[PDB]
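Peer 1: Input structure: upload_15.cif, which contains mmCIF, C-alpha atoms.
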data_model
loop_
_atom_site.group_PDB
_atom_site.id
_atom_site.type_symbol
_atom_site.label_atom_id
_atom_site.label_comp_id
_atom_site.auth_asym_id
_atom_site.auth_seq_id
_atom_site.Cartn_x
_atom_site.Cartn_y
_atom_site.Cartn_z
ATOM 1 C CA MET A 184 -98.253 -95.191 55.525
ATOM 2 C CA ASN A 185 -97.727 -98.976 55.706
ATOM 3 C CA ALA A 186 -97.601 -101.123 52.574
ATOM 4 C CA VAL A 187 -99.491 -104.455 52.681
ATOM 5 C CA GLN A 188 -98.338 -107.298 50.383
ATOM 6 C CA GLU A 189 -99.505 -110.920 50.272
ATOM 7 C CA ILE A 190 -97.276 -113.872 49.402
ATOM 8 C CA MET A 191 -99.254 -117.057 48.626
ATOM 9 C CA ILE A 192 -97.593 -119.920 50.587
ATOM 10 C CA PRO A 193 -98.272 -123.496 49.421
ATOM 11 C CA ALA A 194 -99.772 -125.633 52.286
ATOM 12 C CA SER A 195 -96.600 -127.855 52.099
ATOM 13 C CA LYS A 196 -94.373 -124.754 52.772
ATOM 14 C CA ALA A 197 -96.490 -123.082 55.569
ATOM 15 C CA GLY A 198 -94.675 -124.917 58.418
ATOM 16 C CA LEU A 199 -91.307 -123.872 56.924
ATOM 17 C CA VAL A 200 -92.326 -120.153 56.922
ATOM 18 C CA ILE A 201 -93.622 -120.254 60.549
ATOM 19 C CA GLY A 202 -91.087 -122.847 61.876
ATOM 20 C CA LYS A 203 -91.186 -124.665 65.292
ATOM 21 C CA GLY A 204 -92.526 -122.261 67.983
ATOM 22 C CA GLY A 205 -92.923 -119.581 65.240
ATOM 23 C CA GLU A 206 -89.089 -119.088 65.445
ATOM 24 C CA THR A 207 -88.705 -118.794 61.615
ATOM 25 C CA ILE A 208 -91.449 -116.126 61.136
ATOM 26 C CA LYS A 209 -90.046 -114.262 64.192
ATOM 27 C CA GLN A 210 -86.558 -114.240 62.574
ATOM 28 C CA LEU A 211 -88.033 -113.123 59.237
ATOM 29 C CA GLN A 212 -89.915 -110.219 60.951
ATOM 30 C CA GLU A 213 -86.687 -109.137 62.794
ATOM 31 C CA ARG A 214 -84.427 -109.448 59.698
ATOM 32 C CA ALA A 215 -86.865 -107.554 57.374
ATOM 33 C CA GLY A 216 -88.276 -105.120 60.005
ATOM 34 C CA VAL A 217 -91.965 -105.753 59.149
ATOM 35 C CA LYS A 218 -94.964 -107.616 60.519
ATOM 36 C CA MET A 219 -95.917 -110.940 58.958
ATOM 37 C CA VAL A 220 -99.052 -112.998 59.701
ATOM 38 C CA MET A 221 -100.814 -115.864 57.856
ATOM 39 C CA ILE A 222 -104.429 -115.218 56.614
ATOM 40 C CA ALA A 231 -104.732 -124.887 49.891
ATOM 41 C CA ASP A 232 -102.155 -122.081 49.429
ATOM 42 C CA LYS A 233 -102.313 -119.561 52.316
ATOM 43 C CA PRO A 234 -101.624 -115.808 52.107
ATOM 44 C CA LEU A 235 -98.785 -114.480 54.289
ATOM 45 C CA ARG A 236 -99.652 -110.811 54.863
ATOM 46 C CA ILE A 237 -96.564 -108.548 55.137
ATOM 47 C CA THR A 238 -97.196 -105.064 56.584
ATOM 48 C CA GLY A 239 -94.722 -102.286 57.225
ATOM 49 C CA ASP A 240 -92.607 -99.553 55.731
ATOM 50 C CA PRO A 241 -93.048 -99.727 51.916
ATOM 51 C CA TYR A 242 -89.277 -100.274 51.347
ATOM 52 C CA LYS A 243 -89.033 -103.009 54.040
ATOM 53 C CA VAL A 244 -92.093 -104.822 52.597
ATOM 54 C CA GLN A 245 -90.389 -105.158 49.138
ATOM 55 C CA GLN A 246 -87.242 -106.700 50.688
ATOM 56 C CA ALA A 247 -89.300 -108.942 52.994
ATOM 57 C CA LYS A 248 -91.245 -110.214 49.957
ATOM 58 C CA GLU A 249 -87.950 -111.249 48.290
ATOM 59 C CA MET A 250 -86.626 -112.884 51.537
ATOM 60 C CA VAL A 251 -89.837 -114.961 51.959
ATOM 61 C CA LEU A 252 -90.000 -116.015 48.270
ATOM 62 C CA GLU A 253 -86.297 -117.093 48.430
ATOM 63 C CA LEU A 254 -86.876 -119.107 51.622
ATOM 64 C CA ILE A 255 -89.850 -121.102 50.222
ATOM 65 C CA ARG A 256 -88.040 -121.849 46.870
#
Mind turning the file's structure into structure tokens?
Peer 2:
Amino acid sequence: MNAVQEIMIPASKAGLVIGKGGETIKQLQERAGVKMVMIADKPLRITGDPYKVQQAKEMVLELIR
């Protein structure tokens, strides 16, 4: 069954996660093999295979650092 994990994204970083046209969040979904959607700091909801969600969490946190 899918894991669901939320990363809180500061408002100032939201555009960076999504990117122009959504091209950054599309790349992130392809590279990590999960679904990511946004829900003040905004939750990014990551859904997928439990192993892929853990890696995707690290990839997103590293990007927004």
Peer 1: Which residues are near residue 245 (chain A)? Cut-off 12 Å, all atoms listed in the file, ignore same chain within fewer than 6 positions. Put them as a PyMOL selection string.
Peer 2: chain A and resi 185-190+215-217+237-239+251-252
Peer 1: Can those selected residues be exported to a file as a PDB file, in the frame of the given file so that it contains C-alpha atoms?
Peer 2:
ATOM      1  CA  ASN A 185     -97.727 -98.976  55.706  1.00  0.00           C
ATOM      2  CA  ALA A 186     -97.601-101.123  52.574  1.00  0.00           C
ATOM      3  CA  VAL A 187     -99.491-104.455  52.681  1.00  0.00           C
ATOM      4  CA  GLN A 188     -98.338-107.298  50.383  1.00  0.00           C
ATOM      5  CA  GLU A 189     -99.505-110.920  50.272  1.00  0.00           C
ATOM      6  CA  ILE A 190     -97.276-113.872  49.402  1.00  0.00           C
ATOM      7  CA  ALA A 215     -86.865-107.554  57.374  1.00  0.00           C
ATOM      8  CA  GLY A 216     -88.276-105.120  60.005  1.00  0.00           C
ATOM      9  CA  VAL A 217     -91.965-105.753  59.149  1.00  0.00           C
ATOM     10  CA  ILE A 237     -96.564-108.548  55.137  1.00  0.00           C
ATOM     11  CA  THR A 238     -97.196-105.064  56.584  1.00  0.00           C
ATOM     12  CA  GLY A 239     -94.722-102.286  57.225  1.00  0.00           C
ATOM     13  CA  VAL A 251     -89.837-114.961  51.959  1.00  0.00           C
ATOM     14  CA  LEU A 252     -90.000-116.015  48.270  1.00  0.00           C
TER      15      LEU A 252
END
Peer 1: Between A:219, A:184, A:244, A:235, which has the minimum distance to residue 196 (chain A) (counting all atoms listed in the file)?
Peer 2: A:235
Peer 1: Can you list what the PyMOL selection byres ((chain A and resi 221-231) around 10) grabs from this structure, as a PyMOL selection string?
Peer 2: chain A and resi 189-195+197+200-201+208+219-220+232-237
Peer 1: Around all the atoms of region 195-212 of chain A listed in the file, with 3 Å of room on each side, what axis-aligned box do you get, giving centre and edge lengths in Å to one decimal, as JSON?
Peer 2:
{"center_x": -91.6, "center_y": -119.0, "center_z": 60.0, "size_x": 16.0, "size_y": 23.6, "size_z": 21.9}
Peer 1: To one decimal place, how far is CA of residue 241 (chain A) from CA of residue 256 (chain A) in Å?
Peer 2: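 Going from CA of residue 241 (chain A) over to CA of residue 256 (chain A), I get 23.2 Å.
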Peer 1: Just checking: using only C-alpha atoms, which residue out of A:203, A:218, A:211, A:253 ends up closest to residue 240 (chain A)?
Peer 2: A:218
Peer 1: One number please: CA of residue 250 (chain A) to CA of residue 213 (chain A), in Å, one decimal.
Peer 2: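 A separation of 11.9 Å between them.
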